[PDB]
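Chains as they are written, first to last, in PDB author numbering: chain AG, 1 to 182; chain AQ, 1 to 119; chain AX, 2 to 182; chain AO, 1 to 138; chain AY, 8 to 81; chain Ac, 1 to 81. One structure is given here, and the rest of the page talks about it.
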RNA sequence: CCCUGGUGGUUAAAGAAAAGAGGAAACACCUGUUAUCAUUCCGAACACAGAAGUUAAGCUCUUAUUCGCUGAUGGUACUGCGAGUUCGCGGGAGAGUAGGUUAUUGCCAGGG
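Dropping the structure here:
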């Protein structure tokens, strides 16, 4: 059995058809879809505290399911007293089935558990179908336990879509039921 | 758009570097190049002193009726060896042609090897 | 009509020294190109050119007669030495005499406007206007008197009184050429 | 004064300056120009003396454009020294002008007043000059 | 106040040693250079310091492709 | 991939305590309790108190208490002078 | 032979952008990650296994040359030599102008 995420089932069985009708696309897979979700977290203070970076990496692992990579400093800078090549950030890429499952978990479970959650700004679009927005308290995810955290942390989420514009991606996200603050 | 374009560009860069690392082929020891489509598998033997294809083979050839598996390319390499021996070429230089020497190409090359072709 | 005619004769010298000798003989080397023809190399009388076209603009058009043919040419270029007031080459761009064509033509402002007299502000939005005519009838520059233009008045493009066979070509007919606010 | 605010190199070699001008030799921003009839160097300070003359003569009538900027150091050894050490030190700044450089341009005023003002300017420069109207407009 | 500088290295005598169209035999030096000012074509080789030398007897030739100069022996 | 650096992903059924909706979602969280999903398949059940359809943002919207009707509240008591 | 794909040769960009056209075969998209294989996380790429669907993109062709690139003929600068002196003989740009340009071709495989 090719086990399939419920999001993938929902997409393939409805969303393709509604978007074809709604945007008069000539051929079927002119329809937008999702290629990757990038979860990033920038801990510049890790240059003092290694525990911060280790905790962030581990908490990302529990949140998603796959291990993270610690990015390095592209350029040595003094304003943040950064030496080139130091460990500064940590990111995870989600694709395919894991991507769909994580987005389902997020939209239905973790966005609800945010303090004063009143939707998400439906305008954080880079003009090319890529939607990036932040979450300040990772504790919204029930996966991580409260006691073991060493410092409350946030993280940025970027959703990359095959769409050529923002309208297409916003329509796809709305069909997915993404709680945009509107 | 740009992603497919850059994938193509990387393939071309690899191909070019491979070519001038292995050098050109001569009538004594010509060059064997391959091409791996989503459906088929092609091989050509080229003499660059003329730009001429001395011999060639592919899975499109109906009579062979091979597939696109390791087994099939093993048999295809056997056929290529027997076709080249009658044209008395035993030394070849193996242009992997932008691919990585592994899997299907590994089996192809080793099959040319067990039957007296110097690659 | 003569004052738009220019006499030339062909030259076959083609050298720096040769051109210097010609200009010493008080003529001007010149070339004519356009309409896909072979370039014509010729020479012009400097005194005649000075007398007739002492005020030539990019939009001046004239007639070249080699005694055997007539050509309608724009003065595409003229290599002038300012210190010695010396022309030392002319480029003539030929056009078809009967083909309507466009060209930006500058404006010339005359009169003292009542609005500016009384406290108006000149703002010359447009320094030129796209007009349309056969080559021989293109206006050298289009005049505009501001005297009746009072305060808070802009000049419409149709308001420009125009020579006979000259016609407006601007896509925006209602744009303002000069305003007095 | 008029002087560059930053230089790659503080001192540069005195070339030989010759030939007429093949560029910057046409009236561009104005109505009347002050062409030179020689090839020489115009110091920044003579430049600003001529500029004061023109601007003061013009009672707000129009605008003045300066078509040269010095940017060339002129070094001079200390007063009493011998020929030893080398390349003493920048003293003042020179601009290069060739026969045919427009060098100065004026807008707005009547031709007579412009000609007067610009002879008043020419009285303070080290080169022969000529006042030119556009010679293709009026 | 003396001169702060005045210091120059020995000239290295770079440049093309055999002109295009000349006849060379194996091993000749053709160009001495820093960097591939001229690149290698057929029948020549590049030393560890980018010297151009002839792998066989022949006649030098320079070609130009996309603005880069190539040296060959034909 | 290589396989030694990943937490054990597991299919998990998340049960809302409020609406009763259940979500099938591959969570790395080991749940002590097991539930028979609609599909006859056993999955670790995690009970979560707040979920998608029971948003105080989707369905139960904001309760604007005593903001605009300030005039009304002052009228109803202190208006009889 | 032509189309398609692969691989060269001759160099001027054989460059990108936008619009339109197709897809039999071929190419590509595309599908799954299970086996060997790969990533400083990710089947994205690489790799293996295949034929549900499509010209949408890549690709080929057609466009106003939209950007780029290329660019004469004359003239000028400059220059070798000269008992002609700003002159005598020879060589001759760059920039600009009129334009031009969305390659051509060899032999291998498939079928027209």
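For each residue, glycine too, the CB sits at the ideal point set by N, CA and C.
Query: Cross-strand partners of residue 74 of chain AO (DSSP beta bridge); Result: AO:92
Query: Range of the contiguous alpha helix (DSSP H) that encloses residue 59 of chain Ac; Result: Premise fails: residue 59 of chain Ac is in no alpha helix (DSSP H) and is neither H nor E.
Query: Euclidean distance between Cα positions of residue 33 of chain AQ and residue 62 of chain AY; Result: 27 Å
Query: Interface positions of the region 58 to 73 of chain AX facing chain AO (Cβ-Cβ less than 8 Å), listed along the chain; Result: 58
Query: Residue 56 of chain AG to residue 26 of chain Ac span [Cα, whole Å]; Result: 21 Å
Query: Proximity of residue 30 of chain AO and residue 118 of chain AO at Cβ, strictly below 7 Å; Result: no
Query: Range of the contiguous alpha helix (DSSP H) that encloses residue 52 of chain AO; Result: 44 to 57
Query: Within chain AG, partners of residue 74 of chain Ac - CB distance below 9 Å; Result: Here the premise fails: no neighbours, minimum Cβ distance about 30 Å.
Query: Buried versus exposed call for residue 75 of chain Ac [16 or more other C-beta atoms within 10 Å across all chains shown]; Result: exposed
Query: Sequence-distant residues of the same chain with beta carbon closer than 7 Å to residue 24 of chain AO, five excluded per side; Result: 67, 101 and 102
Query: Under 7 Å between C-beta atoms of residue 114 of chain AX and residue 158 of chain AX; Result: no
Query: Segment contact, 8 Å Cβ cut-off, at least three pairs: the region 96 to 105 of chain AG with the region 114 to 122 of chain AG; Result: no
Query: Any C-beta of chain Ac under 7 Å from that of residue 86 of chain AG; Result: no
Query: Within chain AO, partners of residue 9 of chain AY - CB distance below 7 Å; Result: 85
Query: Proximity to residue 38 of chain AQ [Cα-Cα], best of AQ:69, AQ:26 and AQ:27; Result: AQ:69
Query: Any chain AX beta carbon closer than 7 Å to residue 133 of chain AO; Result: no
Query: Minimum Cβ-Cβ distance from residue 61 of chain AO to chain AX less than 7 Å; Result: no
Query: Residues bridged to residue 26 of chain Ac [DSSP beta-bridge criterion]; Result: Ac:11
Query: Host beta strand (DSSP E) of residue 155 of chain AG (start-end); Result: 155 to 161
Query: Inter-stretch contact at 8 Å, needing at least 3 Cβ pairs: the region 69 to 78 of chain AY / the region 15 to 23 of chain Ac; Result: no
Query: Beta-carbon proximity check, residue 92 of chain AO vs residue 43 of chain AO, cutoff 7 Å; Result: yes
Query: First through last residue of the alpha helix (DSSP H) which encompasses residue 100 of chain AG; Result: 96 to 105
Query: Helix, strand or coil at residue 10 of chain AO [DSSP, three-state]; Result: coil
Query: Residue nearest to residue 92 of chain AX in terms of C-alpha spacing, selected from AX:70, AX:136 and AX:61; Result: AX:61
Query: Simplified DSSP state of residue 10 of chain AG, which is helix, strand or coil; Result: helix
Query: Short-range partners of chain AG found in the region 18 to 36 of chain Ac, where Cβ spacing is below 8 Å; Result: 23, 24, 25, 26, 27, 28 and 29
Query: Under 9 Å by beta carbon: chain AG residues contacting residue 44 of chain Ac; Result: In chain order: nothing, as chain AG lies at least about 13 Å away.
Query: Min CB distance residue 97 of chain AO to chain AX below 7 Å; Result: no
Query: Length of the line joining the Cα atoms of residue 56 of chain AQ and residue 21 of chain AQ; Result: 23 Å
Query: Straight-line gap, residue 7 of chain AQ to residue 1 of chain AQ (C-alpha atoms, nearest Å); Result: 10 Å
Query: DSSP beta-bridge partners of residue 16 of chain Ac; Result: Ac:48
Query: Cutoff 7 Å: residue 83 of chain AX Cβ touching any chain AO Cβ; Result: yes
Query: Any chain AO beta carbon closer than 7 Å to residue 56 of chain AX; Result: yes
Query: Contact list for the region 45 to 74 of chain Ac against chain AG, Cβ threshold 9 Å; Result: 46, 48, 49, 50, 51, 52, 53, 54, 55, 56, 57, 58 and 62
Query: Those residues which DSSP pairs with residue 119 of chain AQ across a bridge; Result: Answer by DSSP bridge pairing: none, since residue 119 of chain AQ is not bridged.
Query: Distance, residue 74 of chain AO Cα to residue 108 of chain AO Cα; Result: 36 Å
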